[PDB]
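Just the heavy atoms: all of them, side chains too, but no hydrogens, waters or symmetry mates, feed the values below. Along the sequence shown, residues are numbered consecutively beginning with 1.
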Amino acid sequence: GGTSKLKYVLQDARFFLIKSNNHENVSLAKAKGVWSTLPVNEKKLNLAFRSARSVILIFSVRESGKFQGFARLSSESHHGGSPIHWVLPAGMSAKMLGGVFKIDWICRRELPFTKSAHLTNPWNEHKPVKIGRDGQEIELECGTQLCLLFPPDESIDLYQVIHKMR
(Lines give C-alpha, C1' and ligand atoms only; values in the text may rest on other atoms or scores of the structure.)
Protein backbone atom coordinates (compact mmCIF):
# COMPACT_ATOMS: atom_id res chain seq x y z
CA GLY A 1 0.00 0.00 0.00
CA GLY A 2 2.41 2.50 1.35
CA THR A 3 4.63 -0.57 1.42
CA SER A 4 3.94 -1.17 -2.29
CA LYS A 5 5.00 2.33 -3.32
CA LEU A 6 8.13 1.96 -1.20
CA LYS A 7 8.85 -1.45 -2.73
CA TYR A 8 8.70 0.22 -6.17
CA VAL A 9 11.29 2.82 -5.11
CA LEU A 10 13.58 0.13 -3.66
CA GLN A 11 13.29 -2.32 -6.60
CA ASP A 12 16.74 -3.29 -7.88
CA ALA A 13 18.31 -0.52 -5.82
CA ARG A 14 21.86 -0.36 -4.60
CA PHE A 15 22.01 0.42 -0.85
CA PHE A 16 24.75 2.33 0.97
CA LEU A 17 25.23 2.94 4.66
CA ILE A 18 25.97 6.64 5.31
CA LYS A 19 27.69 7.53 8.57
CA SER A 20 27.89 11.02 10.09
CA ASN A 21 30.21 11.95 12.92
CA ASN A 22 27.53 14.41 14.11
CA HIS A 23 23.79 14.90 14.34
CA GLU A 24 23.92 18.38 12.87
CA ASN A 25 24.81 17.40 9.30
CA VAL A 26 22.04 14.81 9.16
CA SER A 27 19.58 17.50 10.27
CA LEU A 28 21.07 19.82 7.65
CA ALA A 29 20.62 17.07 5.05
CA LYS A 30 17.00 16.61 6.12
CA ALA A 31 16.42 20.35 5.84
CA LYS A 32 17.98 20.92 2.43
CA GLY A 33 17.88 17.55 0.64
CA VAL A 34 21.66 17.36 0.11
CA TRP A 35 24.59 15.25 1.20
CA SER A 36 28.35 15.26 0.84
CA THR A 37 30.71 12.40 1.61
CA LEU A 38 34.44 11.75 1.56
CA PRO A 39 36.32 11.21 -1.71
CA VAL A 40 36.23 7.43 -2.25
CA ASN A 41 32.51 7.29 -1.43
CA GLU A 42 31.79 10.28 -3.66
CA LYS A 43 33.11 8.41 -6.71
CA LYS A 44 31.38 5.18 -5.65
CA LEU A 45 28.00 6.96 -5.39
CA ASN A 46 28.41 8.89 -8.64
CA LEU A 47 29.12 5.60 -10.41
CA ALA A 48 26.15 3.87 -8.78
CA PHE A 49 23.81 6.76 -9.55
CA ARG A 50 24.60 6.36 -13.24
CA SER A 51 24.27 2.56 -13.37
CA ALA A 52 21.50 1.69 -10.89
CA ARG A 53 17.74 2.04 -11.07
CA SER A 54 17.79 3.60 -7.60
CA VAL A 55 20.54 4.41 -5.11
CA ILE A 56 19.38 4.45 -1.48
CA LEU A 57 21.36 6.05 1.35
CA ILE A 58 20.61 4.78 4.86
CA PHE A 59 21.84 7.23 7.47
CA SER A 60 23.27 6.43 10.89
CA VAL A 61 24.97 8.93 13.22
CA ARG A 62 28.20 7.50 14.56
CA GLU A 63 27.74 6.11 18.11
CA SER A 64 24.00 7.01 18.16
CA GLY A 65 22.82 3.39 18.27
CA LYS A 66 20.22 4.16 15.58
CA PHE A 67 19.53 4.95 11.97
CA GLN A 68 18.02 8.38 11.36
CA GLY A 69 16.31 7.70 8.04
CA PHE A 70 16.92 6.93 4.39
CA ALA A 71 16.77 8.78 1.13
CA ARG A 72 17.06 8.29 -2.61
CA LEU A 73 20.09 9.71 -4.38
CA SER A 74 18.72 12.10 -6.97
CA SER A 75 21.84 13.53 -8.66
CA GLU A 76 25.55 13.09 -9.06
CA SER A 77 27.72 15.34 -6.92
CA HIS A 78 27.84 18.97 -8.06
CA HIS A 79 30.88 21.18 -7.43
CA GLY A 80 31.05 24.96 -7.38
CA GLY A 81 27.32 25.40 -6.80
CA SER A 82 25.77 27.21 -3.85
CA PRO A 83 27.92 25.90 -0.98
CA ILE A 84 26.89 23.88 2.08
CA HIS A 85 28.62 24.76 5.35
CA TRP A 86 28.74 21.32 6.94
CA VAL A 87 29.72 20.89 10.57
CA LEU A 88 33.17 19.47 10.08
CA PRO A 89 34.51 16.88 12.51
CA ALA A 90 37.92 17.45 14.06
CA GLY A 91 40.52 16.97 11.34
CA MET A 92 38.07 17.02 8.40
CA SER A 93 38.56 19.95 6.00
CA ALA A 94 35.74 21.35 3.88
CA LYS A 95 37.64 20.16 0.83
CA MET A 96 37.53 16.53 1.98
CA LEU A 97 33.71 16.74 1.68
CA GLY A 98 33.70 18.58 -1.64
CA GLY A 99 30.83 17.82 -4.00
CA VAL A 100 27.10 18.09 -3.16
CA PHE A 101 24.56 15.38 -4.02
CA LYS A 102 20.85 16.06 -4.21
CA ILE A 103 18.85 13.53 -2.20
CA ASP A 104 15.14 12.92 -1.77
CA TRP A 105 14.21 11.76 1.71
CA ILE A 106 11.93 8.73 1.86
CA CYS A 107 11.72 8.47 5.67
CA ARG A 108 13.18 10.84 8.25
CA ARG A 109 12.05 8.70 11.22
CA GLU A 110 14.50 6.85 13.44
CA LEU A 111 15.05 3.09 13.55
CA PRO A 112 16.90 1.75 16.62
CA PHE A 113 19.59 -0.84 15.99
CA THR A 114 17.65 -3.27 18.22
CA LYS A 115 14.95 -3.42 15.54
CA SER A 116 17.50 -4.48 12.90
CA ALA A 117 19.18 -7.15 15.04
CA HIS A 118 18.06 -9.99 12.77
CA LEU A 119 19.70 -8.47 9.67
CA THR A 120 23.27 -9.11 8.65
CA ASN A 121 24.97 -7.81 5.53
CA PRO A 122 26.60 -10.66 3.61
CA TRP A 123 28.62 -8.07 1.71
CA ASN A 124 30.38 -6.97 4.92
CA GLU A 125 31.59 -10.38 6.14
CA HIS A 126 28.08 -11.26 7.39
CA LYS A 127 28.25 -8.68 10.16
CA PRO A 128 25.05 -7.11 11.59
CA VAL A 129 23.92 -4.44 9.15
CA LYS A 130 24.41 -1.79 11.86
CA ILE A 131 28.15 -2.39 11.55
CA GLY A 132 29.95 -0.65 8.72
CA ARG A 133 32.11 2.27 7.70
CA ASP A 134 30.71 5.27 5.86
CA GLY A 135 29.73 4.13 2.36
CA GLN A 136 29.53 0.40 3.09
CA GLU A 137 27.33 -1.17 0.42
CA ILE A 138 24.47 -3.35 1.68
CA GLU A 139 23.36 -6.51 -0.09
CA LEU A 140 20.03 -6.11 -1.92
CA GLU A 141 17.70 -8.21 0.24
CA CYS A 142 19.30 -7.07 3.52
CA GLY A 143 19.06 -3.41 2.44
CA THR A 144 15.46 -3.75 1.22
CA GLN A 145 14.36 -5.29 4.52
CA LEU A 146 16.25 -2.64 6.52
CA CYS A 147 14.33 0.13 4.77
CA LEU A 148 11.02 -1.72 5.19
CA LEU A 149 11.65 -1.85 8.97
CA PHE A 150 11.44 1.94 9.34
CA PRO A 151 8.14 3.38 10.52
CA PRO A 152 6.04 5.22 7.93
CA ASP A 153 6.86 8.90 7.63
CA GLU A 154 3.51 10.63 7.30
CA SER A 155 5.05 13.92 6.29
CA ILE A 156 6.76 12.39 3.21
CA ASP A 157 4.47 11.84 0.23
CA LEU A 158 5.68 8.61 -1.34
CA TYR A 159 3.61 9.43 -4.42
CA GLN A 160 5.88 12.49 -4.73
CA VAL A 161 9.22 10.74 -4.50
CA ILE A 162 7.97 8.32 -7.19
CA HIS A 163 6.82 11.17 -9.44
CA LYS A 164 10.34 12.55 -9.15
CA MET A 165 11.70 9.41 -10.77
CA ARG A 166 10.40 11.11 -13.97
Is [X] atom [atom1] crowded by more than 12 heavy atoms from other residues, nucleotides or ligands, each under 6.0 Å away?
X	atom1	answer
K102	NZ	no
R50	CZ	yes
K115	NZ	no
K130	NZ	no
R53	CZ	yes

Determine whether a donor-acceptor pair (N or O, by modelled atom type, separation under 3.5 Å) exists between the side chain of [X] and the backbone of [Y].
X	Y	value
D153	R108	yes
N22	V87	yes
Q68	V61	yes
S4	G2	no
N121	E139	yes
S60	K66	yes

Heavy atoms only: give me the nearest [X]-[Y] pair and the separation to one decimal.
X	Y	answer
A29	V34	CB-O, 3.1 Å
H85	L28	O-CD2, 3.9 Å
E42	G99	OE2-CA, 3.5 Å

To the nearest 0.5 angstrom, please state how far the [atom1] atom of [X] sits from the [atom2] atom of [Y].
X	Y	atom1	atom2	answer
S36	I18	OG	CD1	10.5 Å
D12	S54	CG	OG	9.0 Å
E154	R109	CD	CZ	9.5 Å
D134	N41	CG	CG	4.5 Å
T37	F101	OG1	CZ	7.0 Å

Is there a side-chain contact between [X] and [Y] in this structure, where contact means two heavy atoms from C-beta onward sitting under 4.5 Å apart?
X	Y	result
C147	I106	no
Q160	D104	no
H118	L149	yes

**Report entry** Axial cation check for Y159 ring with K5, 6.0 Å and 45° limits
**Finding:**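 Judged by the rule, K5 and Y159 form a cation-pi pair.
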Query raised in the report: Taking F59 as the fixed residue, which of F150, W105, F67 is the one that meets the ring pair (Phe, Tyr, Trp, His ring centres under 6.0 Å) rule?
Result: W105
Query raised in the report: What residues, two or more places apart in sequence or in another chain, satisfy salt bridge (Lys or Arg N to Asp or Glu O under 4.0 Å) together with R14?
Result: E137
Report task. Would you please test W35 and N25 for side-chain contact (heavy atoms from CB on, under 4.5 Å) and show each step? Result -> CA-CA 8 Å; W35 189 243; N25 290 350; 4.1 Å; yes
Query - Same apolar cluster: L45 and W123, side chain cutoff 4.5 Å - result: no
